[PDB]
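Visitor: No letters, just coordinates:
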């Protein structure tokens, strides 16, 4: 059938968590030089970023207490003017928080009722090599095209 | 701070230390530093620097920029830095420098 | 506790104070600190009455849930609101005989 | 077993053998008194206190 | 007074330990286990700093550093005098062994052998002296103590978090 | 200050207040435990 | 900085109003908020 | 605690519940541009045939109203 | 630790190489990156010996880094092509994926 | 003091600058390895534990660039011993050897080597008559830190990173466990004997002892003692140098023609799917026929090289490698009306690819899943774009739950595994039905929790 | 940027919105001012429905970013022209562009330690970042991105 798909597709052992991560870890380990505020937050605390406003607000859209959410003293002023300027032109609702669940770091599972901190130390690197049924037919088609290119070529 | 504001109004580069990094630049580098680095029209050393030792000597333009610095730009940049675009504090400092030209003993 | 005290047993100032506590509690129960409000399921919360002592040294807010199995989901968070209820009594309620202990 | 035997021969020649330092090691640990890197001074005290108990 | 009030926040664990005497790092999804440590610390009149890790700016720096000081990924954790006390299984053990007073007040744990929880009246030695040649079990007619009673069936507990 | 700042100042004063920590319930608990030890130990 | 002169004002306004049209062989840019707005046709009627 | 059981196919998933994952309308469209995100993305997803029952409780009264998806009052 | 001018140099080179390798080349299975990073570091030091510029030296070492990554990509592609054409050689990832899929086919035979 | 001197020395004779000559590079690698081990046991001698050196007197050879072969001998005194009296004179010997390497390099001043000679003469006078005394680093302590923090060689790659590198091959005709015995015990505890300049060579296992059948690889059969491999690489090192050189020259001569064809025909990339020896003839044929392609309408299109004359629907065309000049003109006249169709299909495929990549990265940022795979199945780009936009639409609705254990994957049939990490969805799935399913799982979990709390 | 405006306008026909923007631009130019930029952001659905002159709630609205360099009195004139327009439902005046927010009310030591030209010389999109903007996009402009991004689709065209 096709021959470019065989030389284009590469067999992977694990795919990735997201396909850039090992390059990022290698360049970060070299960038630190070890032998083997945030720069984009204050730039995005404005009226045109409804998510960065909502990541410091509660579920009803109001302010958290200072002991619960402590912040930089200029970041709270940027947040308090960004919320008002986004509310004024209708880019933010006067009541509510449409990006609240996007910002919560501690989320429970779908089959759980609360978040437990024992899930943080999972580190499941697929020790038993679970192969999905959608990957097995791809592997079989790859090796069938490998045999097809071995028979003719 | 009320003396540092008048020192910033009077003298040119009192904010900039020998490290050439401001106090606002060291905490906000993406906002204070330049985003693009252009290899083009390097102005070089100022040979007209004797005329302007203080910011009260050049109040004809915005931010106490002399007219020798505005040579290669188009008329829109020179119009945006004109007297009509000055703020209220810059106009009051120009009124102060008008008498400072008249009654100062030294520069 | 075994019984509940009747409104005829307490003082009339205690009944008026408990009515004010009931009004300001049922009014602004959504106006709690948001780090406790994110876990309280307000669909099951029912505040039926407020009882008090004769000089309002303690207040007893009587509550229950629609489903009883959700009670243990609403039990601890409601006990994180005692200072908020005390500040609500200091702010909203005038003519308070004592700043009460919330139970 | 041989070095355990030379430990009991040295203490039986001097005095009658008293089994009290083994019980004192259980109720008094090493880090409570402050002797973690001195096992020789720890065992010298345990038989000093152990023979002081039997009086 | 001389400086405006500012909420303290830092990306390092040891900046919290060098500042406060007793620090606790909790989560909002675990309200029972933080409430028992609040009861124990406030019983001994100790100033305590509770850090709710939900809605924090340095979550992943702090969740990594709490995994290095305590090998378990259990929250909340009590930190007294730049040391690790631990979770509820470690705090309730010091309360049971009567060691939680000197841990919270003076920053040290008693290394004294023997338990003071099982006492009869006042505390004395009452047989803590070393016996000659051992043989505490080969005396069959030894004094066994008062008769101890045990429940037939377990009574229903009032709450699942009553303890 | 005006009316708004004065109301916000007294609201922050009542909200963030340092109470007097007088160890009274622990004193009564120690007294209760001592009375229990006396009543158990001596009839 | 590319300033808009007085002579090229109406043409720039007509070019900016033709940014979001129905028929286009090019991908539409995102807004200042980071959200694709509603496409329209000529005469400004919303699709 | 324990994970829910596994679903292997949609044809009996349509019979296990009152809905189906695979849509049978076959909507053929070519919108190469980026899709428009909703204003309230994290909300209950209200379909068109859902009646909103409002129960307002008071001390001496309790009121029950039923509205449509568009705000039309069904019954008094 | 690290020298601070070398810290800023490695920050600039890592930020500029991350966009070349990920968004530019679309190359995620890159092997032995420390030798291209150290050779562009030492090329920057060789250009700083003569003292040409700062930005132009970064441009030249990024061009050399791009050439090295492209040459390594073509070498890996040539070796993979000659390994697939002959049909006699098989890499270790294909070996463990074969021994995994036959194990799962035997678990299907168990069912 | 000696920081500028050793900085210029390691700038001159480092093997990373010598890429035109590979033999000079590997001799410089051997020389810096010997110098590193020499300074290592010298620091060990000053530290307190004295070990016999691997070489007492030897000539070290470096290569220089003219912008020139520098050979220097290291000699030891004949009365050498591991005693305390000989720990002082050995520092002056390595200081004389390092300054003798620095003098012939012509990178230092005469004044500083006179200073080092004066320091060594003062130490030789002070060891005889005993004195007393009650700080800047010497040549040795500056040299070891200039080696470690700036001018270190890159370390040898491990076998684990060589597994995913596609550099470890094997012929399966021996056995699986013959390859396992040839890898596991012969690369873990025997990789230390392997050379660092050897590490650029990919490794096959096969039947025979040879130095390459593929381009730039080497093979090694069934289980070997490491001295057999050491004598193997010492027997035919010229062949394994020439194979690497001809592989690098082959790749560079491919890519210069690739770059000139990309810049001349205004296209992005050339794809190959055949033997490169067959692709080079087509590449030089199109290089000689370069202006005729500008005369035709073949531009801004990425080119694939296959065996059958065909054109793919995503915009790429496929050209056969076996092609002559007199057949090239009817081939260009055959596919001439189909070229703007391929151009519009190519630009639409690029737009759909960047759109689905943007939607997949927004789904990764909003929901934070265990991993998304839309490129597994052979589908059209409309199905992948529709699946990515449908996942992006239900992104905020799946936000209260973490999906870092489960994998979102494109499938011809929906497979929802919760014991494993699999969520397989078709291209046309109703997202609100999936939200209703996850909400049903949530309400059944909260009902289980309520009945468990009410039962006790 | 000296002044910026976010005009919320009624989604009328193209000629009416073009006449409104033309009158705004000729009021800017007639007072001796310069337009840095004017960008249309299309029709979006805001979270709050603004009312027009005849008190009808509008579900849709057009957003227009307008960056100008005008003197203070002339900016007051143009602002009173813009805010009293029949098509403009709402328009916020960005006056925190030369000095960043948090300097005047923040730390007193960090008040005269900033440079106004750093924010004056750049546009409004370089001060207030959109969600799509990041530092990688700004580093891609100087890295000779034309010769690097030509091989980014070499893996997806074969599958």
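Guide: That came through, no problem. Numbering: from 1, shown residues only, chains lettered A, B, ... in the order given.
Visitor: measure the closest residue to chain B within chain H to chain E for me?
Guide: Closest residue of chain H to chain B, CB to the nearest CB: residue H:34 (25.3 Å). For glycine as for every other residue, the C-beta is placed from the backbone atoms N, C-alpha and C. Distance, residue H:34 to chain E, by CB to the nearest CB, to the nearest Å: 30 Å.
Visitor: Now do the same contact list for that residue.
Guide: The contact partners of residue H:34, by CB atoms under 8 Å, 6 or more residues apart in numbering or on different chains, come to G:28, G:30, G:36, J:355, J:358-359.
Visitor: residues contacting the residue of chain H found nearest chain E?
Guide: Relative to chain E, the nearest point of chain H is residue H:1 (14.8 Å; CB to the nearest CB). By CB under 8 Å, 6+ apart, residue H:1 lies in contact with A:111-112, J:445, J:448.
Visitor: helix/strand/coil for it?
Guide: coil (DSSP: H, G, I helix; E, B strand; the rest coil).
Visitor: Once you drop chain neighbours, what's closest to residue G:35?
Guide: Among residues not flanking residue G:35 along the chain, residue H:37 sits closest, at 6.0 Å (CB to CB, 6 or more residues apart in numbering or on different chains).
Visitor: let me fix that: residue J:27
Guide: Residue J:27's closest residue in space is residue J:61 (CB to CB, 6+ apart), at 5.9 Å.
Visitor: so how far is chain K from the one you found?
Guide: 40 Å.
Visitor: tell me, how many neighbours does that residue end up with?
Guide: 15 (other CB atoms under 10 Å in any protein chain shown).
Visitor: where does it fall, phi/psi-wise?
Guide: With angles defined as degrees, to the nearest 10, residue J:61 sits at phi -120, psi 130.
Visitor: Could you do residue F:13 as well?
Guide: phi -70, psi -40.
Visitor: just to revisit the earlier point, and the residue of chain H closest to chain B, how far is that from chain C?
Guide: 31 Å.
Visitor: With residue A:104 instead?
Guide: 8 Å.
Visitor: Contact partners for that residue?
Guide: Going by CB under 8 Å, 6+ apart, the list of residues near residue A:104 reads E:54, J:399-400.
Visitor: residues in contact with residue K:77?
Guide: Applying CB under 8 Å, 6+ apart, the residues near residue K:77 are K:27, K:31.
Visitor: where's it relative to residue D:20, distance?
Guide: According to CB to CB, to the nearest Å, residue K:77 and residue D:20 sit 103 Å apart.
Visitor: For residue H:51, which non-adjacent residue is closest in space?
Guide: residue H:66 is the one closest to residue H:51 (CB to CB, 6+ apart), at 5.4 Å.
Visitor: So what does that neighbour have for phi and psi?
Guide: Dihedral angles (degrees, to the nearest 10) for residue H:66: phi -130, psi 120.
Visitor: Report how many residues lie close to it.
Guide: With other CB under 10 Å as criterion, residue H:66 counts 13.
Visitor: cool, the one 10 residues further on as well?
Guide: For residue H:76, the number of neighbouring residues by other CB under 10 Å comes to 5.
Visitor: With chain D as the reference, measure out to it.
Guide: Residue H:76 is 81 Å from chain D, by CB to the nearest CB.
Visitor: residue contacts, the residue sitting nearest the centre point of chain A?
Guide: Nearest to the mean C-alpha position of chain A, counting by CA atoms, centre = their mean, stands residue A:18 at 8.4 Å. Residues near residue A:18 by CB under 8 Å, 6+ apart: J:364, J:371-372.
Visitor: quick one: which of the residues you listed is most hemmed in?
Guide: residue J:372 (26 neighbours).
Visitor: Wasn't it part of a strand?
Guide: Yes: remark: residue J:372 belongs to a strand, assigned using three-state DSSP.
Visitor: Give the helix, strand or coil label for residue H:64.
Guide: Put simply, residue H:64 is strand when judged by three-state DSSP.
Visitor: need the residues of chain H near chain A, please.
Guide: H:1-4, H:39-42 (CB under 8 Å from any CB of the partner chain).
Visitor: need the longest helix for the chain.
Guide: Picked chain A for this. helix A:133-152 (DSSP state H).
Visitor: oops, chain E please
Guide: From DSSP H, the single longest helix across chain E is helix E:31-43.
Visitor: For chain E, what's its nearest residue on the stretch 101-250 of chain J.
Guide: Residue of the stretch 101-250 of chain J nearest chain E, by CB to the nearest CB: residue J:160 (23.6 Å).
Visitor: Return the backbone torsion pair for that residue.
Guide: Torsion angles, degrees, to the nearest 10, at residue J:160: phi -70, psi -40.
Visitor: Just say helix, strand or coil for the closest residue to residue J:34 other than its chain neighbours.
Guide: Leaving aside its chain neighbours, residue J:34 sits nearest to residue J:60 (6.1 Å; criterion: CB to CB, 6+ apart). Classification of residue J:60 by three-state DSSP places it in strand.
Visitor: In contact with residue J:60, which residues are there?
Guide: J:31, J:34-35, J:71-74, J:101.
Visitor: If we use 10 Å, what do you get?
Guide: Neighbouring residues of residue J:60 by CB atoms under 10 Å, 6 or more residues apart in numbering or on different chains: J:27, J:30-32, J:34-35, J:38, J:70-74, J:97, J:100-101.
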